[PDB]
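Observations on chain architecture
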Amino acid sequence: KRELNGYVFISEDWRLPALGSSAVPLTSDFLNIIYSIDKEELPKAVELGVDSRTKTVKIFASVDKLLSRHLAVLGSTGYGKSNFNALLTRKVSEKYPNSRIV
Amino acid sequence: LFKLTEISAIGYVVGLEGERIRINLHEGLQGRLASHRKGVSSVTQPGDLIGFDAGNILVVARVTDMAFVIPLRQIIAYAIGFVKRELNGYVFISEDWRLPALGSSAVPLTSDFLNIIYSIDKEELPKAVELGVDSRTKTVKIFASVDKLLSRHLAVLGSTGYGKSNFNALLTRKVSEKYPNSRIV
Amino acid sequence: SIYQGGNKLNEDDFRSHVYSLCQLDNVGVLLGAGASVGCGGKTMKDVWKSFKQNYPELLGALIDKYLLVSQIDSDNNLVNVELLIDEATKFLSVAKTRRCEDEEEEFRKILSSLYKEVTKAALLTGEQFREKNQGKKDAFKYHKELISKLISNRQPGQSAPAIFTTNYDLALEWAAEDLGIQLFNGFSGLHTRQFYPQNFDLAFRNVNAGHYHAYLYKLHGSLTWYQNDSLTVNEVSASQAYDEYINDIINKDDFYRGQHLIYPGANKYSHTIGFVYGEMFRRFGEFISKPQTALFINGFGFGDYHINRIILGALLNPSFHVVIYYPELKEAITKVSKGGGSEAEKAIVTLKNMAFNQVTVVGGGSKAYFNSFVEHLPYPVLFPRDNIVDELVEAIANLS
Amino acid sequence: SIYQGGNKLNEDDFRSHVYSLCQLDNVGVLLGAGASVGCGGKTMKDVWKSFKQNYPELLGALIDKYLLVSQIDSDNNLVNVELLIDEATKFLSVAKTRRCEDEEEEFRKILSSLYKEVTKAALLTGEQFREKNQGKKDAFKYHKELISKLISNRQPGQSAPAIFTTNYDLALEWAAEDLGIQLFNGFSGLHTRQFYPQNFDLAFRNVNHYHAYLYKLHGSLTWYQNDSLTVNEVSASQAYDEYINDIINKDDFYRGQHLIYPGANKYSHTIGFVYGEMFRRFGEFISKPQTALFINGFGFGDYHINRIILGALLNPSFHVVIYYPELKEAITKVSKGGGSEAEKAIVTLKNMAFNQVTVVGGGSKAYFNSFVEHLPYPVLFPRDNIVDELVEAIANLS
Amino acid sequence: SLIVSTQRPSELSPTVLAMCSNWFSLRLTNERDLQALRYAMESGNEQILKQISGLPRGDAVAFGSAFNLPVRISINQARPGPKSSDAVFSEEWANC
Ligand SMILES: Nc1ncnc2c1ncn2[C@@H]1O[C@H](COP(=O)(O)OP(=O)(O)OC[C@H]2O[C@H](O)[C@H](O)[C@@H]2O)[C@@H](O)[C@H]1O
Ligand SMILES: Nc1ncnc2c1ncn2[C@@H]1O[C@H](COP(=O)(O)OP(=O)(O)OC[C@H]2O[C@H](O)[C@H](O)[C@@H]2O)[C@@H](O)[C@H]1O
Ligand SMILES: Nc1ncnc2c1ncn2[C@@H]1O[C@H](COP(=O)(O)OP(=O)(O)O)[C@@H](O)[C@H]1O
Ligand SMILES: Nc1ncnc2c1ncn2[C@@H]1O[C@H](COP(=O)(O)OP(=O)(O)O)[C@@H](O)[C@H]1O
Ligand SMILES: [Mg+2]
Ligand SMILES: [Mg+2]
């Protein structure tokens, strides 16, 4: 729906369309709205990658909601755990130069 | 000069297959909204409630299916009880073994009949506390009796960060201001 | 005091029983002359008092010469008024046929006084009888409620309610013309109204998809029925009847025509008049011989042998139910227990003593009146119990 | 400001209610003279105010000698103009049929002055009433938005919007001819255009959202009756050359059964037919179930329209929304004692305990330029105009 | 009288849960945490259990002896509320 001059995405799943309604494909503009954050955590957001299916929408995450409780990284051997750990640690150290990491 | 009903119709019953009911809609209705004296109501989406006029009682049903069959439209519903008038008010009963007859009309449920369904006995009003509102329409208020809640044991379940503590705080605070000579630990 | 098979039950059980009887295949109501006393009517024993107070000279010649009425019945006010007019008419016809000139005037003088008394007690409005919109007054408030309750609790694919009555006043017609319902009484036309016995098997329907009609059987006639110079039966309006023959009956003192009126059960010996009376009784008998019938009786005095015989014979069917109102049960029970009272009391007590679950009797004086009878019937849920049209009508009238 | 059912409402609930009403089976709009002042029009008060100033010699005769207008309403500026014109036309016809030469010349001047005054205020662009593409200008920005919103909110299989009006100017046709929509007004043909009442039962269909209806209850500037007993319609550029340039810049009035505005010549059985048809079609519309109506710019001074509106509330499925800026003045003047018929009529329907009646008032929150924004846009409706940027390049190519 | 609040209904004694008269339930997304709720209550209702898997924040489903029929409620906010939260890393890391 619309809020002031743009759009927002709500995540409730009990509303259904009506009979006779037409179906349209989703343009890349609405995919950016669906996979966004709440318009205020951008100053404390970190980029991690791009979506896999289309490779056109960037993905961000909030440090406060990410490094609040424990975090888990799992996977088999030869698939890229160390890459992820190094990237996250380095680009967290860069943003907050007064942090403690062991 | 005779007015048997002050509400408009939506469809009519065309078949019964046990405990499920089948309804065909009129030609004009396309916009999923029906208007009456008190306002506008939605009658097509699944999960809504509709009613039938069967003599001197009103049957209540819940919508499940909706599909084509200018093409016609069809609805399948299931009954959950009936509403009765006894002296000067109304009462709701929760037995669903009564069904309407062929040719009966289907009508929407206004906000006054919705109050009767989600209501308690009148003599227990001073012994009641307020919790919230109806989720689907956000018009009716919900009450419950304290003597029937905190008589046996009560359970509250949920995941993290969804509102267990808020509900606990509200429920515990509302009781103390009502029964000051009570013990809570 | 409520009895069902010789045992007592409370008010709540009686109301529950009444609720279950209103959802059967057939529903009917039979009313008497006691149901019109709240609108301005009089009972059958209040007319004999007036007759014997206003005309004390004909009473002696009506007992000592022609033996048309007993002294015991007259002294206790237990005379069947409608059973005397037919005999008087027969006497007058015989005297006219055999040319006994001195005997014609005497019987023309007593009929003129009997009609003058019976007619004045059935107007219900005095001289406001030729006007219009008589149903808007407060006297006919419960007739409308009864009619509305009977119609508004029938499911589709079911029969229409039937009403039988022993009155000959215009109360029910006035009540029905205000709600907008149409009643079938066997007549059709506007400029020449005629009686057709085959129009009792008709009903309305909608050409697009209403079911607002009922049947009214009048067993003793009406004020507005008369036989013209030809051999046919016609019906007119209240104003036309008042301007034609009612005003002279009430006011003039030497007016009597002959075999003209069709009330009450007067000219049965003519074969074009009794044909009207026979059909109503035949169709009453046909109605209560149906598998799932329920009948309500109120206002009746149980002084008719034929109706009692018909009702008694119809109870040997395991799916017939009757409810009776009689606000004098105790005064009849004592009199029957000691020595035995009148025939009506004996009949009602014998019917009460039956050990069936089909017969129910209610007494208690003012607790078994016509007004109390209505509230025992159920009230529909969707009926609008508010006032929205009147305000808009008044606002429209206020404009300009 | 906002009253529903006798009690008050806030902005958000009112906006939600407005959105819910547009999704019913039938949607209609009634517009008055107040909806044309944003593009160059005038209100009925101003017309009388200017006539009284410009022609003081003729004012005394209408009050003293002929008794057509009273003094209190003339001093208060609460006169009705179309009724006056109809009565003057009837007077002139009666005077002509009995050969009274003195009275015949007296009413020609009156009618000429009245027609000059009313016509000069109906032209919304002055001398540019002849040229084409008049709807491309900025004054008609909201007339386009109203039609676009009122068309785009209909699902397939539903009806088309209906537009009633009491004006006799060419604003809506000019607005519609620029978007690319077609309006049914009851006429057909080009070289000889005639009035057919059955043209309102037709619709368009594609053999491989196009049309709307327009009802004018007081006529139009481009309608006239010739010697033939049929009504004709022509274009603005032809009316200007035929009979409009003489009304303003000349003292010309010699045909008494020619013009069909405003509500004049009702004594002829050929002209009253159009008015009767329009009024009957208006009446038959609001008797349908599931109907919603909006009123804006119409002062409640007509008896018959008020009677028609009130009687339709007896049906459970009829709803209406009314806009009236000067509400507090009426409330105080009827509570204190006094007031004209319009104030009493609006107040009596404001106090009713009905949920089918809603009244919105204010000082500038109840104008026509604010009524449009209360109506929403669909989510997928296109708004960015990127087609004129290409037409300009095509023209630059030369 | 007892009020029990837990987020893992499966890690409880079945008797304790089966001896209650009323139940309030918020969002619950786990296949083994729904079997316990199904077992605790009596049979005869299955269309009400599908909603729990997708209830939004602040909504709950209530069914028991003090309610005539199951209802989906939107709960009011308490004022004043309980303690807000724990420490926030960003504020302390940017206090140079
Ligand atoms: N306000 C009242 N409400 C109800 N019942 C009343 C009331 N007042 C009196 N009653 C009762 O109303 C009754 C009065 O009955 P009557 O009018 O004399 O008798 P009928 O109308 O059957 O006479 C006509 C028939 O009888 C002939 O034999 C012919 O065959 C006719 O067919 C008593 O029970 C009163 O207690
Ligand atoms: N910008 C504006 N926006 C909206 N409303 C406005 C505006 N300016 C003024 N108004 C209001 O617009 C209204 C102006 O009322 P008038 O033009 O005299 O009335 P009518 O158009 O019905 O007159 C024609 C009718 O008269 C006969 O009765 C027949 O029925 C005719 O059809 C006032 O409320 C102003 O406050
Ligand atoms: N996102 C990525 N893009 C490109 N190469 C990757 C990515 N993730 C992992 N790799 C490749 O995986 C190889 C080793 O992965 P490694 O960090 O050893 O995984 P693990 O620690 O799970 O064995 C590297 O040579 C690197 O090129
Ligand atoms: N019904 C509600 N309405 C509004 N806010 C709520 C509601 N329930 C929870 N919240 C918000 O959620 C936050 C914390 O939720 P909380 O109840 O602590 O989750 P948990 O159930 O895991 O304890 C609070 O700050 C409160 O503002
Ligand atoms: Mg590694
Ligand atoms: Mg918590």
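These residue numbers run from 1 along each chain by written sequence and may not equal the entry numbers. Residues without coordinates are not shown. Following the order in which they are written, the chains are lettered starting with A and the ligands numbered starting with 1. Part of a larger assembly is what these chains represent; accordingly, every value refers to the shown part. With hydrogens and water set aside, each side-chain value is computed from the structure's full complement of heavy atoms.

The name given to chain E in the PDB entry is Nucleoside triphosphate hydrolase, with the source organism recorded as Escherichia coli. Here the PDB entry's recorded title is "E. coli SIR2-HerA complex (hexamer HerA bound with dodecamer Sir2)".

Within the PDB entry, the label attached to chain C reads SIR2-like domain-containing protein, and the organism entered is Escherichia coli.

Concerning the site of ligand 1
Residues and elements named next belong to chain C. The criterion, for reference: Think of it this way: one heavy atom of a residue within 4 Å of a molecule or strand is enough to make that residue near it. Between N or O atoms, a polar contact is any pair within 3.5 Å; within protein, one atom must be a potential hydrogen donor and the other a potential acceptor, and residues adjacent in sequence are included only when both atoms are from side chains. For the accessible areas, the method is Shrake-Rupley and the probe is 1.4 Å, while residue cover comes only from the protein chains on display. Put simply, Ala, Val, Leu, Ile, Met, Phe, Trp, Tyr, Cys and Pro go in the nonpolar bin, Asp, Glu, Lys and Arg in the charged bin, and everything else, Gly too, in the polar bin.
Taken together, 14 residues sit near ligand 1, with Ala33, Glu82, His220, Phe300 and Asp304 positioned nearest. Measuring from a nitrogen atom of ligand 1, one finds a backbone N or O atom of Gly34 at 3.4 Å. The side chain of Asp304 places a nitrogen or oxygen atom 3.2 Å from an oxygen atom of ligand 1. Protein chains bury 80% of the 730 Å² of accessible surface belonging to ligand 1 in isolation. When the residues that make up the shell around ligand 1 are grouped by side-chain class, the tally is six nonpolar, six polar and two charged.

Thoughts on the site of ligand 2
Residues and elements named next belong to chain D. Near ligand 2 you find 17 residues, and of these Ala33, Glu82, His218, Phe298 and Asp302 are the closest. A distance of 2.9 Å separates an oxygen atom of ligand 2 from a polar atom in the backbone of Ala33. Within the backbone of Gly34, an N or O atom sits 3.4 Å from a nitrogen atom of ligand 2. Here ligand 2, which alone exposes 720 Å², has 81% of that area covered by the protein. Of the residues belonging to the shell around ligand 2, the class tally is seven nonpolar, eight polar and two charged.

Overview of the sheet that holds strand β4 (residues 182-184) of chain C
Residues and elements named next belong to chain C. Using the following cut-off: Two strands pair under a simple rule: DSSP has to find at least two bridges between them. Going along the chain from the N terminus, every DSSP run of H or I of four or more residues is numbered as a helix, and every run of E of two or more is numbered as a strand. Convention adopted: a line fitted to C-alpha atoms gives each axis, helices being fitted over their contacting stretch, and angles between N-to-C directions are expressed from 0 to 180 degrees.
What the eight strands build is an open sheet, ordered β1-β12-β11-β10-β2-β3-β7-β4; its pairing is mixed. The sheet is open, and its two borders are formed by β1 (2-4) and β4, each paired with just one other strand. For this sheet, the mean angle separating the axes of adjacent strands, direction not counted, is 20 degrees. Sheet topology note: the strand β2 (residues 26-31)/strand β3 (residues 162-165) ladder contains four bridges and is parallel. Bridged to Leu30 within β3 is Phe164.

Here's the deal with the sheet that holds strand β4 (residues 162-165) of chain D
All names here are of chain D. Condition: Two residues qualify as a contact provided that any one of their heavy atoms is within 4.5 Å of a heavy atom in the partner residue.
Reading across the sheet, the nine strands line up as β2-β1-β13-β12-β11-β3-β4-β8-β5 and stay open at both edges, with mixed pairing between neighbours. Of all strands in the sheet, those with a lone pairing partner are β2 (7-8) and β5 (182-184), marking the two edges. Pairing geometry for strand β11 (residues 291-296) and strand β12 (residues 318-323), over five bridges, is parallel. Within β12, the position partnered with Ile295 by the bridge is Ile322. Packing against the sheet, helix α1 (residues 11-21) makes contact with β1 (2-4), β3 (26-31), β11, β12 and β13 (357-360), and its axis sits at approximately 130 degrees to β12.

Comments concerning the interface of chain B and chain C
As a measure of interface size, the accessible area lost when the parts come together is often cited. Stated precisely, the cut-off is as follows: Put simply, a salt bridge is a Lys or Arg side-chain nitrogen that is within 4 Å of an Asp or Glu carboxyl oxygen.
At the junction of the two partners, chain B supplies 22 residues and chain C supplies 20 residues. Taken together, the connections running from chain B to chain C amount to zero salt bridges. Between the two partners, chain B and chain C, sit two residue pairs in polar contact. Every element with two or more residues in the side of chain B that touches chain C is listed here: β5 (49-54) and β6 (57-68) of chain B. The class makeup of the residues in the side of chain B that touches chain C is 11 nonpolar, five polar and six charged.

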